[PDB]
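Engineer: Need a 3D model of the sequence below.
(11 chains, ligands or ions: 1)
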Amino acid sequence: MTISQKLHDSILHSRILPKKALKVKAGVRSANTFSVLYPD
Amino acid sequence: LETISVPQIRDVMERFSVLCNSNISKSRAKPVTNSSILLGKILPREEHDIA
Amino acid sequence: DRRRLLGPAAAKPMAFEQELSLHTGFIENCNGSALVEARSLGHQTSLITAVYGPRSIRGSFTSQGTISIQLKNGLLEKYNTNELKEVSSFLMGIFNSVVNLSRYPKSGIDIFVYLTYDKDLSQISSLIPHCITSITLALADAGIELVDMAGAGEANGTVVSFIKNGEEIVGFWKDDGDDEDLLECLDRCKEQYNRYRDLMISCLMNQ
Amino acid sequence: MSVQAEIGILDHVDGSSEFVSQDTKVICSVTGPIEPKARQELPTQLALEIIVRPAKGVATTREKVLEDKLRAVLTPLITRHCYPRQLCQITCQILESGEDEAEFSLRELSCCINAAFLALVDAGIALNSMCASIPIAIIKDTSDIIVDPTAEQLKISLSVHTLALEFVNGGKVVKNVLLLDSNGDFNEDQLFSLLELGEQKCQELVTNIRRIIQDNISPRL
Amino acid sequence: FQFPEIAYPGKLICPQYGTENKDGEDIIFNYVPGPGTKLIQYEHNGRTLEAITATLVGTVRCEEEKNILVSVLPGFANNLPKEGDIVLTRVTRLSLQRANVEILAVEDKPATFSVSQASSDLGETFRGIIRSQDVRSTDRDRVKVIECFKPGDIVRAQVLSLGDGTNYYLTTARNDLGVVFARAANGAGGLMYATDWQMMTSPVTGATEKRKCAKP
Amino acid sequence: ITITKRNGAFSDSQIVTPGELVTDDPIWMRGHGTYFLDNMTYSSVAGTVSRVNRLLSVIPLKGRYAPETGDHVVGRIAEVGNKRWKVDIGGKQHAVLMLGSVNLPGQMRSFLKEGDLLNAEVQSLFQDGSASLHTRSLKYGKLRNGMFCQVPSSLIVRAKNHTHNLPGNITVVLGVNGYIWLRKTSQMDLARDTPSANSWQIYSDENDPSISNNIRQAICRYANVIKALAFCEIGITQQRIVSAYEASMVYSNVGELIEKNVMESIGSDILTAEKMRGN
Amino acid sequence: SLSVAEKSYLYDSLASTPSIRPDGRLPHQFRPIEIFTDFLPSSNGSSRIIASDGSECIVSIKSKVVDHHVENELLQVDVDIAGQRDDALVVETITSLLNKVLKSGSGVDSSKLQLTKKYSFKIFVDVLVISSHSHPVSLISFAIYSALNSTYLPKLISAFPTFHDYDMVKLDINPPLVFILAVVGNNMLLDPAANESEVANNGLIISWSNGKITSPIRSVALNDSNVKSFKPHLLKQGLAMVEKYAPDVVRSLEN
Amino acid sequence: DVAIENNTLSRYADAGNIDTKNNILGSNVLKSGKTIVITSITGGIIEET
Amino acid sequence: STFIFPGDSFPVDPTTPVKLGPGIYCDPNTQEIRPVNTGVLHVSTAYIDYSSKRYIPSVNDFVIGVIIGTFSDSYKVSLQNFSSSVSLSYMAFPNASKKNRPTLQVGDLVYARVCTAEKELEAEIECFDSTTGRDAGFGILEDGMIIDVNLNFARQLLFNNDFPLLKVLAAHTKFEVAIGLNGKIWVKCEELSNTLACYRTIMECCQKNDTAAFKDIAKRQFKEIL
Amino acid sequence: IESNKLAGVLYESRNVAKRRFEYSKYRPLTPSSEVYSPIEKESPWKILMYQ
RNA sequence: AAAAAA
Ligand SMILES: [Mg+2]
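Structural biologist: Residues are numbered from 1 along each chain as shown, chains lettered A, B, ... in the order given. This is the structure:
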């Protein structure tokens, strides 16, 4: 229990993972079968 | 011991010798290396120390 | 959950030649351990088995030993918990014939089998002979007396475990597949048994 | 850093205390020495049962860390060999967060330490020395060391800290550091500058705590 | 020995009975199972057969005592407290009429010991009880248990009777038995050593506590 | 295989129920099933009103075995601790068996352990109703050489002798507790009541080395008829058993007696026979 | 919980060549049971089976509507044993075993529950074991069988959702059966009693569908003591034993 | 001493052959002395509002 | 007054021999004397007076206990809730006997003193002092009513004769009383209204804790029931 | 009477009143509480030795 | 799982 929280607290406080780095860049899938393209 | 047959001891021994020779004496399979597939390299790692 | 950290509950999960490697006695936390890795075709399996015992049970009046086996999901969450219990019940039905129980009165032997990595390119039927191989190695490494070496094989979803050099059967697992494969599966698994047996014996002698 | 505390607010408990710092308010209670459970028995030393519950929701892994950190402080304080095979129930209930409980738990930790020690005094338990804990934080911009900050000061803070020291000889001489927690980005120079201001402010609360005990204990005697 | 030296679990060693011809008379060798072996039943040629089969991987040893004993020695479990053995224990709790402990290690036979590995924070460790009458041969009736043992002190004793399947019954009546290792104030002070049989002193803080000491 | 498929569904004896006033006469002596409240006697259970002499009570329609001093019962060891044995006689509580209440010849688990069956006598009774067992006799001891079967405790009445010898060289032990033991007739069983008018093997776990098939199938058949008489709620006596054992000889195979229509046939046969030759 | 004196008696009796059962049954005889059906109006189907030893199992059959393209398993069997946990070893074992016995691609036709090309009937099977003196896997099996034979669902109107407000559909399928066997010495036994399984050397769990032996087939240990290995000829004998005596039990439970 | 095995249990272990079943995004096997550590990283998607 | 804190230096010089007592601790290793509690140091004899609601077994202390269990060897008596049990032997009664055992049921109040009290051993009490005429009020306490108070209020009431409680209560009513050092006070009167009047006074006196407020409380309590 | 235990007491009382005295020689071989005798054991010197 | 008379 303590370790799970200690790992979570330390990562959160050491500022390893920004909330912006977790942002999902989605895409679209249209029928031509199905071709998927992503914005770049 | 005098109740059980004495030559029977030679019989059960011959039946024991013919038992082992027809059982564990026959085993053939192509030799396969014990090379690690995934965790076999790191898991049984010998203990090392650093200074 | 106040026990672990499950994270946000409003979220959702992600949506999208036989070769053996044997190693035993690499865990100092228990009395006996074993590592089994098998790679064949496009399907490989790596699992770890730990054996804790025999340890005395206070107040126990049992004139023989008590075996408990539990399978766990190490990484990939695939097999249902209900199915893991079923195999566990099957595995205990095997080693209760294999393990010399008369040697450990008022005692109990706990067996933990961790299913780490399993790649697939029924389903759990193929892992069963590897679980038997791992446990039999971990028990023999631990010092537990075994009447015979337990081994098995998987043929068209039909698993059958052998002892006494394939002369007798200590377990039978039939799921899906087809019919009239009785004689064939018994002969194919017997070859896998003998193969797994010699490698198991060699594994214990070498290291 | 003006605080407030009371002693013996609970009846059916052997000892209790109510600590107040800024907005975070943690009331504590201590029962002992009493009969321990079979699983808690210690043949030589004294057993410690520590329970910390939050202001909102149920106790989680977060509070399990608070209990573990609190245990490290109260352990060397109490003379365990005075009560062989016995039990001491220490329960700390947080009445108000006084901060952002999701991001920071170091403010409540210091208050749980302060309240517990006061309850240990009231319950009449053998203590080797005294103790005092204060929350510390370092702002990213100003880069200054603030002793006993507020809620808004933590949100913009770069690193949070927690200091608990053991005091002997009239609450002046420091025997040993009991607890030192730190979270966030900080260097070595900021660390020794933290104890420089911390030890000064700790002794300020030690002498502050000492006069609180005198006002409450003396009328009983 | 005309029988396999190395034996894995499930390997046939020797049949039930055996015999040889020497000095113009038949000598009967009686094979009996032992630690690591198990007498089981095999079938061959439509007829039953009993033979000694090893159950543990190791070397086979054929010894005789004043009959052939077949046992397999591994490269702990077999070691278990039996009447007459000497056992090192640690005091868990003190009562008025007795003193219960827990078994840690057991002395071997010709010093070497066999350490029993178990969790002390669970209770899976073997527990034992030393009676007040089994403390010392001198004045068996009236014995002050507080002035003999102490919580945490290590006591070397000898098991009399196993009793039930819960507690073992030990004794420290003889000279070589008693408190071996101990510290002042239930372990709070410094180390203490054994001088007199009924007195334990500490050559560090000058503290002296009354214990039941053994002979060096 | 036999099935039964039903669809759509799932000097007089006074019957009393809990709460009903049985009598307004405070003279009577309060017995079982009745509680006293202000000179009135109310029934606590549902059953028949039993008026015997001064003692007033109510007999329940169904209830567990009530241990009485002198009852010959068959019990199984439930647990062993200190210096006592606690035996299950299928009562409300476990009967106790002291170490001084058995036979010591010239570690209690080496004599009697959990699981072992035995026959004994109720030496005395405790205040809570528990029974004190006593095995000090040539007729009592550890049970072996046969098989166990259980019938309702209300189907076996008290008697001078509960150990009967039956044709087929087998012996029944009809316990008042309902626990019954069938076994091969031994030397003690053959001549027991007769010589009266004329020891380390007693705790052994091993049966008789030579058990003939003639006795096994007898033990088997004798078990099927007893549970058959119990199926028809017929009081089991030594005569009812012998009659049922002979009446069941019209069936070649023993396994045919397990059927419902067969059990009620043997049961009704004895009921009509004893009624015909009884009047 | 039998004494060793009883176990040694029953073993020598069962292991004998003319094997004598304690109740006199032949190796292929079944103990008399009693089956009740359609006693639950709130459920689409129901069943109740009483055994000789006093074992009892209640099986309830209910259903709902869902897409069969998003649901691979249209048949869920839940087992609740009285006095037992839901996460118990034996409970979850039987729960996992019966789901393999009754599966869309094992012993149950998936086209039978097909109404339209979009929606289909999903059957929920609930099991309540009142009393159990042995392995209920065979007892429950006979209960689920009789429960599926007598079932009523909302009758469809259109084709390829709406239902009939009064008239109903009677599901006619061939539910699988599970027969537990006991291996004692060199003899095979059908429908093992409570006391027989405690001395049995081994055991077999064999399924049955459409007049033929089918999966799942397991080798279960009826006890934890006298469990020993068995010769391969016993498996061939046991399977053949189930094969020839199955049309008899099916015919009986059909009425 | 510290010896590790990274990305051995991940689905992205092999560039050419990617596991269709494995949902592990990142992995690591570690053994420092006697103690062995096996870490597996999984993921998920949540709508932020 | 001289207030003391734990860990502080000990004013008393180590040169002159000073007997120990409750409140101070002798370090088993460093051999230094340090205070472990908070209160007033009393030097005549060296001990520390500190506020405590929990009682600990100690030699020659009068305690009022409740029988929570009856064994064959002794009695199990609880001097206070949640605390460990105390051993009251059958021979610890006046006019003891071998076969015949004293008559005490579970729940009976007993007024006894603690004979042998070890920290690592189960404490023992005896229903006869050793000795003061064998009758200091020792024995079964029939009827009456008991009240829970702190240890500070209990010891000063039993030992100090200048405590204005038994002095002020004797004027309001005539009664017999027994006070234990575990924070238990047993008071029995004739009429129930008097016992109730005594319970309400001690309950309020312990709460307020004022020496000069005893006569004020006792006046308004006895006039409240009428 | 109020506890309905009167029937039990009078029952145990009658069994006390019906207690019969008999010499050690002509005592029953089975020990009971209905018959009293100075020596109830066939070998009374047995318990003397073990003591 | 001690107990009652003398
Ligand atoms: Mg349940």
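
Engineer: What distance do you get for the spatially closest residue to residue E:191 that is not a sequence neighbour to RNA strand K?
Structural biologist: Spatial nearest neighbour of residue E:191, excluding adjacent residues (CB to CB, 6 or more residues apart in numbering or on different chains): residue E:183 at 5.7 Å. Quick note: C-beta positions are derived from backbone N, CA and C, even for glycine. Distance, residue E:183 to RNA strand K, using CB to the nearest atom of the strand, to the nearest Å: 37 Å.

Engineer: burial measure for residue E:183, as a count.
Structural biologist: Residue E:183: 20 surrounding residues under other CB atoms under 10 Å in any protein chain shown.

Engineer: Touching, it and residue E:151? I think so.
Structural biologist: No: contact criterion CB atoms under 8 Å: residue E:183 and residue E:151 do not qualify, at 11.0 Å.

Engineer: Contacts only, for the residue of chain I found nearest chain F.
Structural biologist: Relative to chain F, the nearest point of chain I is residue I:72 (12.8 Å; CB to the nearest CB). By CB atoms under 8 Å, 6 or more residues apart in numbering or on different chains, no residues touch residue I:72.

Engineer: helix, strand or coil for it?
Structural biologist: Using DSSP: H, G, I helix; E, B strand; the rest coil, the structure places residue I:72 in coil.

Engineer: what's the residue most central in space within chain E in contact with, if anything?
Structural biologist: In chain E, the residue lying closest to the centroid (CA atoms, centre = their mean) is residue E:81, at 3.7 Å. Neighbouring residues of residue E:81 by CB under 8 Å, 6+ apart: E:87, E:103, E:106, E:126, E:128, E:159, E:162, E:168.

Engineer: Could you rerun that using 6 Å?
Structural biologist: Applying CB atoms under 6 Å, 6 or more residues apart in numbering or on different chains to residue E:81 gives the contacts E:87, E:159, E:168.

Engineer: With residue D:7 instead?
Structural biologist: Listed by CB under 6 Å, 6+ apart, the contact set of residue D:7 reads D:17, D:122, D:216.

Engineer: Could you break chain E into its assigned domains?
Structural biologist: Listed by curated CATH domains, the domain ranges of chain E are E:1-75, E:76-216.

Engineer: Would you mind putting those into CSV with distance to residue F:240 alongside?
Structural biologist: Output for the domains of chain E, formatted as CSV (distance: least, CB to CB, whole Å):
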stretch, distance to residue F:240
domain E:1-75, 45
domain E:76-216, 45
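
Engineer: Is the residue in chain I that chain B sits nearest to in a helix, a strand, or coil?
Structural biologist: At 33.7 Å from chain B, residue I:29 is the closest residue in chain I, using CB to the nearest CB. With three-state DSSP as the basis, residue I:29 sits in coil.

Engineer: what's the spacing between it and residue E:208?
Structural biologist: Distance from residue I:29 to residue E:208, counting by CB to CB, to the nearest Å: 15 Å.

Engineer: Return the residues in contact with the residue positioned nearest the centre of chain H.
Structural biologist: When CA atoms, centre = their mean is applied to chain H, the residue found nearest the centroid is residue H:27 (1.5 Å). The neighbourhood of residue H:27, defined by CB under 6 Å, 6+ apart, consists of H:9-10, H:40.

Engineer: Residue I:63 too?
Structural biologist: I:79, I:180-182.

Engineer: In stretch I:198-213, which residues are buried?
Structural biologist: I:198-202, I:204-206 (16 or more other CB atoms under 10 Å in any protein chain shown).

Engineer: Equivalent analysis for stretch G:17-37, please.
Structural biologist: Neighbour-count burial for stretch G:17-37, with 16+ other CB under 10 Å as criterion, is recorded at G:19-25, G:27-37.

Engineer: What of stretch C:156-168?
Structural biologist: If you call a residue buried by 16+ other CB under 10 Å, then stretch C:156-168 has these buried ones: C:157-168.

Engineer: And stretch D:97-117, by the same measure?
Structural biologist: D:97-99, D:101, D:104-117.

Engineer: ok, residues contacting stretch J:10-28?
Structural biologist: By CB under 6 Å, 6+ apart, the list of residues contacting stretch J:10-28 reads J:35-39.

Engineer: distance between the ends of that stretch?
Structural biologist: 26 Å (CA to CA, to the nearest Å).

Engineer: Please identify the buried residues of it?
Structural biologist: Residues residue J:27 are the ones in stretch J:10-28 that count as buried (16+ other CB under 10 Å).

Engineer: the longest helix in chain J is where?
Structural biologist: What stands out as the longest helix in chain J, according to DSSP state H, is helix J:6-17.
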